[PDB]
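A short worksheet on the structure shown next.
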Amino acid sequence: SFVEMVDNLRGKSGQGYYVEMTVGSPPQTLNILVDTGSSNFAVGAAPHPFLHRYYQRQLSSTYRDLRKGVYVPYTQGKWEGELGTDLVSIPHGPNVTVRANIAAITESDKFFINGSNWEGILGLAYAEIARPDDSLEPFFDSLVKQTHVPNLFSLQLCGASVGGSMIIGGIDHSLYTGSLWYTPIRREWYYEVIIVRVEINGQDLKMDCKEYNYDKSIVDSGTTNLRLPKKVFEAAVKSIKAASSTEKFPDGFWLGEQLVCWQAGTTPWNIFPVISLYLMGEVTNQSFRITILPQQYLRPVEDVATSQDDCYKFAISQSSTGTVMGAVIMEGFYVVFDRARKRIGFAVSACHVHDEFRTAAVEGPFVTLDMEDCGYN
Ligand SMILES: CCOC[C@@H](Oc1cc(C[C@@H]2CS(=O)(=O)C[C@H](NCc3cccc(C(C)(C)C)c3)[C@H]2O)cc(F)c1N)C(F)(F)F
């Protein structure tokens, strides 16, 4: 019955992927950002310049106030509001209704995005990182406890304005090609994984693999960019600069500030390298790699002039909180969040990204010794 959930995601580039949901009785429809990088379900519940609608608790007969406050500080953006519960459904999801915790957002700061077309956020990670604390049961845990829905979901996020699928409760085999490759979830708080090797155009970065996971590596659909720890970011940018040194770009470009443009259809894709991230596998001394194309980490943005150029921003940026495999890594891959078996699967997506002479890939098996030493303690 997964076909009903195919193409249930929409979004704008750089502004996330959202799914339609209803809260309350009678049901109020809202678009909700799908975020595997957090664990709170929260919706606008008061007027805001960027909101065209919001949750009106007084209009819902099933709303229950929990008489407790809450706030969540993200890397960028934060909101505060009031905790309560209400009935929640996903129209293009499983045919069930659950009573879930809901943070009613009363104040926010750089949380809502102008024109994003979503009014709330669905944190799909584990209770350990829920606010105020891990006693606030996350939505997916409620879903699994109250229904027969299997304890897993999969995300197919597609690039070019964008669409995708969140398959709740399973894997839809029409959404990917080739084999699924699984990496262990290291610990159930974020979807934390372990990167064991990095190559750029087939050249090993040659860092202590702990640097790749300092202080963690997570899979985060709520984040746009691939974000890399400072030392790894620097090495990666140096390598990518060298490979593309045929052309020169302003430093603002490499900092993700300035966009670069070329005449429509003349984008020099080949001067930008492929990036391979090797992830810890399921058996001893075994790993696999996912390979990212420049079409993924050069994010398409709207033309700043009145011309018909192709313009892009560099969608790899520096992090001080570990590696973040955001939407530009997930795009073109089918990613299975197999909570039941504490593992995350990757396969080439049916909406895989195109290049004339190169292709995004998930490949294995590889042998990698001492993968345990790659985890940061
Ligand atoms: C403008 C760029 O955003 C586009 C971005 O919009 C947002 C997305 C998020 C979710 C965040 C994005 S992040 O970059 O802050 C990383 C984080 N996950 C790791 C993390 C870091 C710090 C703290 C926590 C908690 C929640 C566990 C405490 C979790 C995610 O959840 C919060 C926001 F406000 C905005 N607007 C989107 F549109 F979704 F692409």
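Read the numbers this way: they start at 1 and go in the same order the structure lists the ligands and their atoms. Only heavy atoms go into these numbers, but all of them, side chains included; no hydrogens, no water, no symmetry mates. Nothing fancy with the numbering, it's 1 onward along the sequence.
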Inset, instruction - Mark yes when over 12 heavy atoms from residues, nucleotides or ligands other than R64 sit less than 6.0 Å from its CZ; otherwise mark no. - result: no

Inset, instruction - Output yes when a side-chain donor or acceptor of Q146 lies under 3.5 Å from a complementary backbone atom of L143, and no otherwise. - result: no

Inset, instruction - Could you find the nearest protein heavy atom to atom 38 (F) of ligand 1 and give me its residue, atom name and distance? - result: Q15 C, 2.8 Å

Inset, instruction - Could you check atom 21 (C) of ligand 1 against the protein and tell me its nearest heavy-atom contact, residue, atom and distance included? - result: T75 OG1, 3.3 Å

Inset, instruction - Give the residue and atom name of whichever protein heavy atom lies nearest to atom 23 (C) of ligand 1, and the separation in Å to one decimal. - result: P73 O, 3.5 Å

Legend entry - Sub-3.5 Å N/O-N/O distance, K78 and ligand 1: no

Legend entry - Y126 side chain to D141 backbone, donor-acceptor under 3.5 Å: no

Legend entry - Ring centroid separation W118 to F111 under 6.0 Å: yes

Legend entry - Closest protein heavy atom to atom 17 (C) of ligand 1, given as residue, atom name and distance to 0.1 Å: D220 OD2, 3.2 Å

Inset, instruction - Using a strict 4.0 Å cut-off to heavy atoms of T224, name the atoms of ligand 1 that fall inside it. - result: 40 (F)

Inset, instruction - Pick whichever of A42, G222, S39, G77 has a heavy atom sitting closest to atom 7 (C) of ligand 1. - result: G222

Legend entry - Any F112 heavy atom less than 4.0 Å to ligand 1: no

Inset, instruction - Give yes if a backbone or side-chain nitrogen or oxygen of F111 is under 3.5 Å from a nitrogen or oxygen of ligand 1, and no if not. - result: yes

Legend entry - Distance from atom 6 (O) of ligand 1 to nearest protein heavy atom, with residue and atom: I113 CD1, 3.7 Å

Legend entry - Pairwise side-chain hydrogen bond (donor to acceptor under 3.5 Å, both in side chains) hits with a residue in residues 97-106, at least two apart: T85-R99, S89-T97

Legend entry - Any pair counted as side-chain hydrogen bond (donor to acceptor under 3.5 Å, both in side chains), so long as it reaches residues 237-248, sequence neighbours left out: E247-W262

Legend entry - Among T323, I185, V219, the one residue meeting side-chain contact (heavy atoms from CB on, under 4.5 Å) with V193: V219

Legend entry - Centroid-centroid distance, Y278 to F288, less than 6.0 Å: no

Legend entry - Cation-pi, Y71 ring and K78 (6.0 angstrom, 45 degrees): no

Inset, instruction - Decide whether the shortest distance between a heavy atom of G14 and an atom of ligand 1 is less than 4.0 Å. - result: yes

Legend entry - Contact atoms of ligand 1, heavy-atom distance to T223 under 4.0 Å: 12 (C), 13 (S), 14 (O), 16 (C)

Inset, instruction - Check whether any side-chain N or O of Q296 sits under 3.5 Å from a backbone N or O of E331 as a donor-acceptor pair, and report yes or no. - result: yes

Inset, instruction - Step through the shown structure and confirm whether more than 12 heavy atoms of other residues, nucleotides or ligands are within 6.0 Å of CD on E257. - result: yes

Inset, instruction - May I ask you to identify, for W79, whether its side chain, its backbone, both or neither come under 4.0 Å of ligand 1 on a heavy-atom basis? - result: neither

Inset, instruction - Please confirm whether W118 comes within less than 3.5 Å of ligand 1 when only nitrogen or oxygen atoms on both sides are compared. - result: no

Legend entry - Side-chain donor or acceptor of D310 paired with backbone N/O of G265 under 3.5 Å: yes

Inset, instruction - Could you tell me whether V72 approaches ligand 1 through its side chain, its backbone, both or neither, with non-hydrogen atoms closer than 4.0 Å? - result: side chain

Inset, instruction - Answer yes or no: are there more than 12 heavy-atom neighbours, outside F337 itself, under 6.0 Å from its atom CZ? - result: yes

Inset, instruction - Flag atom 4 (C) of ligand 1 as yes if some protein heavy-atom distance to it falls below 4.0 Å, otherwise no. - result: yes

Inset, instruction - Starting from atom 33 (C) of ligand 1, locate the nearest protein heavy atom and write down its residue, its atom name and how far away it is, to 0.1 Å. - result: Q76 O, 3.5 Å

Inset, instruction - Starting from atom 40 (F) of ligand 1, find the nearest protein heavy-atom neighbour and note its residue, name and distance. - result: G16 N, 3.2 Å

Inset, instruction - Quick one: look at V324 and ligand 1, take heavy-atom pairs under 4.0 Å, and tell me if it's side chain, backbone, both or neither. - result: neither

Inset, instruction - Could you tell me the residue and atom name of the protein heavy atom closest to atom 11 (C) of ligand 1, and the distance to it rounded to 0.1 Å? - result: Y74 CD2, 3.7 Å

Inset, instruction - Check step by step if side chain to side chain contact (heavy atoms under 4.5 Å, CB included) holds for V274 and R358. - result: CA-CA 9 Å; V274 302; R358 295 173 302 181; 3.9 Å; yes

Inset, instruction - Mind checking whether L33 contacts ligand 1 via backbone (N, CA, C, O), side chain (CB onward), both or neither, at a 4.0 Å heavy-atom cut-off? - result: side chain

Inset, instruction - For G37, take its heavy atoms, then give the atoms of ligand 1 lying under 4.0 Å from any of them. - result: 18 (N), 19 (C), 20 (C), 29 (C), 31 (O)

Inset, instruction - Return yes when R131 approaches ligand 1 closer than 4.0 angstrom through a heavy atom, no otherwise. - result: yes

Inset, instruction - Check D35 against ligand 1 and report side chain, backbone, both or neither, counting heavy atoms closer than 4.0 Å. - result: side chain

